[PDB]
Ligand SMILES: Nc1ccn([C@@H]2O[C@H](CO)[C@@H](O)[C@H]2OP(=O)(O)O)c(=O)n1
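Numbering (the working numbering), first residue to last: 2 to 125.
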């Protein structure tokens with residue numbers, strides 16, 4: 002059954018693109034990654050980097066998570082990210098997202114062995 006580490010890949014990794022190509026990016030990715038299966042997930046970040054480089058974050062700058070846990074790590078460098086946010090016209094099963102492209106540091110929580118990301122905490 003899906004692992005938290007496979008689930009982070011599915012929801013958050015798009016190594017296949019450098020950046021989101023059009024205003025549609027979010028709509029199609031949210032749908033194709035099955036993030037809008039039971040309802041419209043309202044925020045979701047995709048990261049346009051190699052999996053190894055996002056796994057490395059687990060050994061970068063250790064920081065508190067937004068919720069106060071201390072297994073959160075912030076990337077030493079900025080990454081190319083797409084921010085996806087639900088719009089006023091979103092309506093399940095027709096979930097609708099704003100596509101914002103950015104270059105920011107990313108903060109994830111890590112677990113397990115190998116010690117890998119399993120939640121996207123924030124971009125900064
Ligand atoms: N900038 C952000 C903020 C939040 N999240 C996702 O939105 C969720 C609820 O706020 C977070 O938990 C995270 O999901 P996940 O934990 O599945 O990585 C995200 O992807 N990007």
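Just so it is clear, CB atoms sit at the ideal spot from N, CA and C, and this is done for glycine as well.
Nearest-angstrom beta carbon gap, residue j and residue i [assumed within contact, 8 angstroms]
i: residue 35; j: residue 97; result: About 17 angstroms separates the two Cβ atoms, so there is no contact after all.
i: residue 131; j: residue 124; result: Look at the range of the chain in this structure, 2 to 125, and you will see that residue 131 is not part of it.
i: residue 101; j: residue 84; result: 4 angstroms
Proximity below 9 angstroms, CB of residue i to CB of residue j
i: residue 41; j: residue 92; result: yes
i: residue 56; j: residue 115; result: yes
i: residue 87; j: residue 118; result: no
i: residue 81; j: residue 49; result: yes
i: residue 13; j: residue 37; result: no
i: residue 103; j: residue 74; result: no
As assigned by DSSP and simplified to three states, the class of residue i
i: residue 95; result: strand
i: residue 11; result: helix
i: residue 122; result: strand
i: residue 103; result: strand
i: residue 110; result: strand
CB contact below 9 angstroms: residue i versus chain D
i: residue 91; result: Any reference to chain D falls outside this structure, which holds one protein chain only.
Per-residue burial, residue i [other beta carbons within 10 Å of its own, 16 or more giving buried]
i: residue 68; result: exposed
i: residue 54; result: exposed
i: residue 19; result: exposed
Quick one: which unbroken beta strand (DSSP E) runs of 3-plus residues sit fully inside the region 24-88? Chain order, please. 44-48, 62-64, 73-87
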